[PDB]
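Worksheet: one structure, shown below.
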Amino acid sequence: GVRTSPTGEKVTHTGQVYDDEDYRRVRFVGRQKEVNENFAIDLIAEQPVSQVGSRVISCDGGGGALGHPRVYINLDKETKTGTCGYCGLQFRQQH
Amino acid sequence: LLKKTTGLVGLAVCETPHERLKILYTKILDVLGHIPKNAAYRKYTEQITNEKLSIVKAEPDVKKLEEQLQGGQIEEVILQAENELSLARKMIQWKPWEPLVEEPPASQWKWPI
Amino acid sequence: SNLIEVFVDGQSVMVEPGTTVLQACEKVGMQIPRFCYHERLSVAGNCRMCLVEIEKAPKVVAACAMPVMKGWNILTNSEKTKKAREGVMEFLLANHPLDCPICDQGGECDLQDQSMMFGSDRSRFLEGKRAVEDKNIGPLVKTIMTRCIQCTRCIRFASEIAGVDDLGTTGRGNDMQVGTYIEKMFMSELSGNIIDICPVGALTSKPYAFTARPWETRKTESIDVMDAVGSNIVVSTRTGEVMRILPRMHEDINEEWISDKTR
Amino acid sequence: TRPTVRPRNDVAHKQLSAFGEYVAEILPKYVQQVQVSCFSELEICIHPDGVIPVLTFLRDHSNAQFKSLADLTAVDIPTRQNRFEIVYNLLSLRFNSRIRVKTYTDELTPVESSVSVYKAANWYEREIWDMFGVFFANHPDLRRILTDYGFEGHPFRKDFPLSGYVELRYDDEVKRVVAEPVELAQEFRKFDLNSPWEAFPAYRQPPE
Amino acid sequence: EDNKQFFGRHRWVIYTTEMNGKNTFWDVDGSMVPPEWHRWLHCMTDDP
Amino acid sequence: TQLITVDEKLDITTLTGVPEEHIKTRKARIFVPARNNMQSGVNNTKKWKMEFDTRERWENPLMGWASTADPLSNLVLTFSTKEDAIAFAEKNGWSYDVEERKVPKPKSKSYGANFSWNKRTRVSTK
Amino acid sequence: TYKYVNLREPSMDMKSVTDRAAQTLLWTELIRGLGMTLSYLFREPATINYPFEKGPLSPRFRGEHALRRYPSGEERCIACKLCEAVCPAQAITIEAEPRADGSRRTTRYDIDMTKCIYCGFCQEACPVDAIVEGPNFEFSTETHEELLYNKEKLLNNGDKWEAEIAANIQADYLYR
Amino acid sequence: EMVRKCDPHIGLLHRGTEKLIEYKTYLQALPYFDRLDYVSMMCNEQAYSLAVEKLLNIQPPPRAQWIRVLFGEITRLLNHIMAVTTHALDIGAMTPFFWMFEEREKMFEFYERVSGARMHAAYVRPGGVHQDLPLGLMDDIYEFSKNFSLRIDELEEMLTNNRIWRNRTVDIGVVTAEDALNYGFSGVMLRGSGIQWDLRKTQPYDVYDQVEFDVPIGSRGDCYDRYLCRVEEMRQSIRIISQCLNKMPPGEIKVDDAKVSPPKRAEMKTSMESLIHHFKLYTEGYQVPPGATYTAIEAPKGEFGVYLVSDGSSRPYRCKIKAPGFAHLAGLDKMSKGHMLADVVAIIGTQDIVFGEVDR
Amino acid sequence: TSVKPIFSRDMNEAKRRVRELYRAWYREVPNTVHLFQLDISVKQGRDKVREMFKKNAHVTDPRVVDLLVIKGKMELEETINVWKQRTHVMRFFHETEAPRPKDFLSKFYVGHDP
Amino acid sequence: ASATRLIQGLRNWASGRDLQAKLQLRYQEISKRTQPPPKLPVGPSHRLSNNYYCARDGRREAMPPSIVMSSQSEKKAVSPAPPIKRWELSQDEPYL
Ligand code: SF4
Ligand code: SF4
Ligand code: SF4
Ligand code: SF4
Ligand code: FES
Ligand SMILES: [K+]
Ligand SMILES: [Zn+2]
């Protein structure tokens, strides 16, 4: 979800944009500002919450040794989903 | 049999190695007699020089003398005898059997610091 | 003087009666590994990382708690001391989570450092680990309780120094959880110091969360000005920006604590 | 301890200990320590007044014959009052051996040049002048060898900073490469890496 | 491909005359190869 | 004779190539570094350290990095004792200030004191 | 266990002396050298037709840096700063914060490609395979600061080259 | 025409390498050694790795030792091709440069397949090597080595019996053996003068005591004997590579002490101890025990040594780099007296001088 | 408090050597201006040599002034021989460096440093 | 490899060698660019038992250097090692 400042400048996924009175916009004059349009905070929120039937799940990000270190997530809160601190995939105990 | 070259560049062949070795060993013992008796350089160098001179007096051959002196060619054994002679002539001047000139400072050789 | 003579690795050292084995090793300049012992907390003895061999004694003793007797030869580097350290470290790392990149304690972790120093270099644990529900004890102390090693420095600090008596252990066995058992918020005036004494990233600083990392920080020793105590602090910076404020030890002022405002 | 641990050599350890006793009692006027490391390397710590009598000994004596000067080195140690530690690495081809002859100096006391023993030293200690500021007496042509021609200071001292004090750039006003005080667009990030737990109990120092 | 040519000549690209709006009839470029063919052309794999 | 008598104070500032601005305006600090309270290890509190006063760090206009103009900004020297550090500072013409070593005082530890009869040092839990 | 290069005495019979003088006067070894050069004239050369043909590379190749994402679009980097701790040239500059969902992510990830020594210690220090040094070597610029990459350029190199980086890591992760 | 004096001024590539090493860890200091003798990359890697492993009191696995000797002899081929062909290129023979840099291109493909970089691999590490051989690499090393003898034969066709090549090398750069030893020469600079000294024979490292090779000995100490010594060292390197390809053992490629060598990436993502050890090795690095070693190898230019001093920390306190070319270029002044200006460039060619190792 | 000398037994031999080094530099300055085709005057270069000598005029140790004579002779040998270029000679004249603030008020204006 | 037999014979004659036997250009004899996945073996410390690290710790068995002489009979003069053995001339190819 990229947006645009009043100066016409794209705001990055970090939130950086130069101010109106900031001289450092002159580096983009006649050139471009390279932002990445694939925001990971948007793409991870599109994922479905995975319903599992255990009390503690494991997550390695998929792909085995191609993902992240394997972590175990406790799913005892029925208020909040159990979110992987590495990959951001989130889990819910189905009962 | 007159070995054609020593194999080392700038090291000529000695035609009469035994007489040259006897002259150099007796000259090392002559210079080394000027050192005091308590000096370990005198005792150690007299020991090795008398052993080498005994071996040179014991062997007529050049090849077997090279195999039992155990110093490579006979010409670099002659070179080593000359270096030992020059060293002992310097050791007369330096007098290193004397006690230590200065103790090092208190943590001069302490590693790790 | 009633000083008795004890031996650490054969070296003689004169100690006051009632000296623990850890303090006798500390007098000859040797630091025993520990997780629950803290020199300003009460002695718990519940991590077993300090187990050292007394010679002519067929049992390792908890050096954090055991008083010395006269003439003990403490063997800090013997074989069964090292086997005790490696075994206890393996049990500490069995259910411990692989969070070292996403953990703020990384680079300043006692569990990492004395896993490198006193433990084995690989795992034999072929099972699944535990995962513990995170607690909410305030907007200051981030709580990730899977990383907890149940050393009870929380509870001894909050009981003895902060005078709170609200942290505790619930349950029994491998399900023993350190928490408050209820949705209760641990806000003392000294509630930040549990981030200092926790040897793992189970309790971390929520304002300092994810922002820096201890090897790239410049440690400027300075003074607090928030009160008139004059608490000695470390301002740690990174690339010309203040990252956090830690305590310095001064025995006469702030012993090794600071208030939450200072922190 | 078989597969991953380096196998200890006891024979060369014993031989280097015996030869260190030999060198120490032949030359007790200068020899201050003799030590053999666990990986079997012999170090002869001598007094700086005996650089030449020791090194001419080991080059010329018929039980030493250290005919090659492999490397000559200085090490700055600022916690010593003689902060520089001059290190001679010697190779005896005849006995297939290596020896280390270590001595010391501070900023001001000269060391005698060993070019009359090993001509190989002619640049090394010259490098030691350029990098550490250890003056060598009776060196044939002592000058700088590695730094720039107008360079002030001696870089491999540990009180000298990593980047220098001056940087260079072409200035177009003066049509010339010029020196200015160094200003980095990004400072070198000093990392505090040392763990606070002791790694090696064998090397523990006695406390105060 | 030409597997009878020697290793280095055996795979090649003819670049297009127009890519992303730019006339590349003469101004062909080594970075005009997309990444799925970049393994094949640089012989990082046997499979196109 | 071959030894002379020099009774002047040891000062090598004209030899080290340091410019004058980073001799007389810098304040060397000589101190045993305080223990990181994140850890219980004390191996980093063993040797004395000499650092300098931190000068300006500012933002790179292009990238946002920490730019500096201080050559001595990363210079940390390590000394076995305090007096070696003081002698190295006085030898180089550095104005220094020394903080004394803060040693932790020996505490009185007793496990049975957690379970006393009449004292306040009973622990309420374990 | 040793041999003597150049320890041959030439033979002194009239056959060998006349052979050496015919070599001297009639230039036999020079015609040998001309013949070896003429033998290379009629060989197929080793020249590849760059840029239409490319030099062969391996999947271990260390080229242009890129930041990878998961197969959900979430970026792999969790701001642990191991790559900038291991970086031998201090080419990596990382700043982080918790972002709006509490995830541990970077706000700054700079690689100076003019400090970088292209040794790949960052990709092998990375615990999540986030920073990788990809297959691209054709990224010469006309300006110095176009090689001063920030997080946007690195995530765009990941999005640009992921179809190839995933296959190189597929072919080489079992050696790692 | 005569050269009375030759004063080399160096420092034009002085980069303060070994002051930069004091502020980096041991793993971070390893790629500096690729860039010293930058036609002998893995040999300098091997010298520094042997130095660190000697201070660490650990040893590499046998397969890593055979890979080190294999790639060190591939490196010796690289360095002597560079040496011989640029020494001929300065004198004027420009063509075997082009003939032998294609074989050198194939050996850079071997480096790129084993490490991912054609020159500065950072591959030989303290504790073993970084990564195992990719499957099919040793077959291609076999197909290179089987044909490389004909390439040496046609180089030696183009130079050895050539009268113009002999007239530029035979009376030139004569060093007596005693002056070669007294000037700190090493390698071919000794063995051209008849000295029977090679560190792979006399003070052998990793598995050189298990390979069978000859040592070419010069007889006159000139540029021509040193040329023939380098050609025959390429021959004997092909012999060693044949033996290493025949005798490569199975097993691991790092030391299985995981407090020195990093664990595998599959087990770093599974085990707690492996992730802790991966973390601490790639941030702090391993602590090396305190002490000082002087570890030397027979690099293809001569004795390449490291005097490495650890103070106990995970960073080197001191790392002096003894390079052969430093003492060789020091002896350039004696080697060129009584010769001419076109002979000094041949002397500079036959002392294989790369100024990265001269200047550090 | 008894140390080994470098060249001088006392301060007087050291001042003899300092004096002879100043003589040699004073003689060499016109040759230096001519062959490096410097655009300074000879008087300006002799003033710079006077400044570089009088910077060190506070040193009361014979060993330190012996080393200063040694380093000055090395600079002189690098100037007599064309080993320095024009740039290394002109680095004594800090031309591209803007004059720094010297008083308190302007250093207060420009930044934080004393 | 694609050269005609006339050019092949000319090239072999001008070099004086059989050049087609050892071609410096590479063809289908080299390894496949795509390989099957490996199963690399583990080291000797990948054992679930009898694998305490205190019994295979290389860095902790490093000792401080043993001080032989320090400033706090008719015994044999020693060398640092026995004298080096004279090398044998090569039986393979001595050039003699
Ligand atoms: S607490 Fe320590 S061992 Fe556990 S994840 Fe954090 S850094 Fe790693
Ligand atoms: S949260 Fe930390 S201090 Fe509290 S009991 Fe657990 S490990 Fe100990
Ligand atoms: S390849 Fe090496 S130098 Fe480049 S960013 Fe990665 S770790 Fe740093
Ligand atoms: S790229 Fe990898 S190593 Fe670097 S900070 Fe991100 S997760 Fe850590
Ligand atoms: S320290 Fe004694 S058991 Fe925790
Ligand atoms: K904590
Ligand atoms: Zn996950």
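Just a few scattered comments:
- Estimated 222 nm signal from helices in chain D, with DSSP H stretches of n ≥ 4 weighted -39500 (n - 2.57), rounded to 500: -6000 deg cm²/dmol
- In Å, descending, principal axis extents of the Cα set of chain D: 68, 49, 38
- Principal axis box of region C:1-41, alpha-carbon based, largest edge first, Å: 30, 21, 11
- Checking every one of the GluC sites (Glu not before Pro) in region D:129-184 against DSSP loop status and a limit of 14 other Cβ atoms within 10 Å picks out D:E173, D:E183.
- Equivalent ellipsoid dimensions for chain I as semi-axes, Å, which come from the Cα gyration tensor, largest first: 29, 24, 12
- Computed over the alpha carbons of the protein assembly as shown, Rg followed by Dmax gives 35.4, 122 Å.
- Gyration tensor (alpha-carbon) shape descriptor, region B:15-70, a/c threshold 1.5: prolate
- Radius, Kirkwood style, for region H:122-265 when every pair of distinct Cα atoms is counted (Å): 18.0 Å
- Shape of chain B, Cα gyration tensor, a/c cut at 1.5: prolate
- Each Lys or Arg adds one and each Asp or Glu subtracts one; over the other residues with Cβ under 12 Å from the Cβ of D:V182, this totals -4.
- Ignoring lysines fewer than eight residues from A:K10 along the same chain, the ones with Cα atoms less than 21 angstrom from its Cα are A:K33, G:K151, G:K153, G:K160.
- With a 10 Å cut-off around each Cβ of G:58-68, the average count of Cβ atoms from other chains is 5.
- Percent antiparallel among DSSP beta bridges (both partners in chain F, rounded to 5): 70 percent
- Average other protein chain Cβ within 10 Å of Cβ, residues B:47-59: 1
- Share of pairwise Cα-Cα distances greater than 12 Å in region C:213-263 is 59 percent (whole percent).
- Eigen-decomposition of the gyration tensor built on the alpha-carbon atoms of chain H gives equivalent ellipsoid semi-axes of 36, 24, 16 angstrom, largest listed first.
- Considering only chain C, percent of DSSP beta bridges that pair antiparallel, nearest 5: 95 percent
- Rg/Rh (Cα only; Kirkwood hydrodynamic radius) as it applies to chain A: 1.19
- On Cα atoms only, tilt of D:10-26 relative to the major axis of chain D in degrees: 80 degrees
- Working note: Debye formula, equal point scatterers on the alpha-carbon atoms of region C:1-212, no solvent; log10 I(q)/I(0) at q = 0.07, 0.09, 0.15 Å⁻¹ is -0.24, -0.40, -1.00.
- Expected 222 nm ellipticity per residue - DSSP helices of 4 or more, -39500 (n - 2.57), all of chain G, to 500: -10500 deg cm²/dmol
- The peptide list H:65-74, C:22-31, put in order of mean Cβ contacts within 10 Å with the highest first, becomes H:65-74, C:22-31.
- Counting only alpha carbon atoms, the long axis of helix G:14-26 and the longest principal axis of chain G meet at about 60°.
- Gyration tensor (alpha-carbon) shape descriptor, region D:1-102, a/c threshold 1.5: oblate
- Computed from backbone phi, the HN-Hα couplings of region C:6-12 come to 10, 10, 10, 6, x, 7, 6 Hz, rounded to whole numbers (Karplus: 6.51 cos²θ - 1.76 cosθ + 1.60, θ = phi - 60°; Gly and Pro given as x).
- Peptide-level mean, for D:41-47, of C-beta atoms on other protein chains within 10 Å: 5
- Degrees separating the helix D:51-60 axis from the principal Cα axis of chain D, which is the longest one: 50 degrees
- Rg followed by Dmax, in Å, when region C:180-227 is reduced to its Cα trace: 13.7, 39
- Compactness relative to 2.2 N^0.38 Å, alpha carbon Rg of chain G: 1.82
- Helix screen, chain C: DSSP H segments with Cα axial length of 18 Å or more and mean Kyte-Doolittle hydropathy at least -1.0 are C:79-94.
- Here the Kirkwood formula, the inverse mean of 1/r across different C-alpha pairs, assigns region C:98-232 a hydrodynamic radius of 16.6 Å.
- Compactness of chain F is given as radius of gyration and Dmax, 23.4, 79 Å, from Cα positions.
- All other residues whose Cβ lies under 9 angstrom from that of C:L246 are scored, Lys and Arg at +1 and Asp and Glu at -1, for a net of +3.
- Once backbone amide H atoms are built at 1.01 Å from N, D:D71 has D:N89 as its partners under 5 Å, excluding neighbours fewer than 5 places away on the same chain.
- For the protein assembly as shown, the share of DSSP beta bridges that are antiparallel, to the nearest 5, is 85%.
- Neighbours of D:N194, meaning other residues whose beta-carbon lies under 9 angstrom from its beta-carbon, give a summed charge of -1 when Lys and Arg score +1 and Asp and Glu score -1.
- For chain F, modelled as a GNM whose springs connect Cα atoms under 10 angstrom apart, the maximal fluctuation among F:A85, F:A69, F:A113 occurs at F:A113.
- For region A:68-78, 3J(HN,Hα) per residue [Karplus equation, 6.51 cos²θ - 1.76 cosθ + 1.60, θ = phi - 60°, Hz, x = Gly/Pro]: 9, x, 6, 10, 10, 10, 8, 10, 8, 6, 8
Every number here is computed from the coordinates shown, using simple stated rules; none is lab data. In this analysis, Cβ positions are derived from the backbone assuming ideal geometry, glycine residues included, and neighbour counts consider all displayed protein chains.
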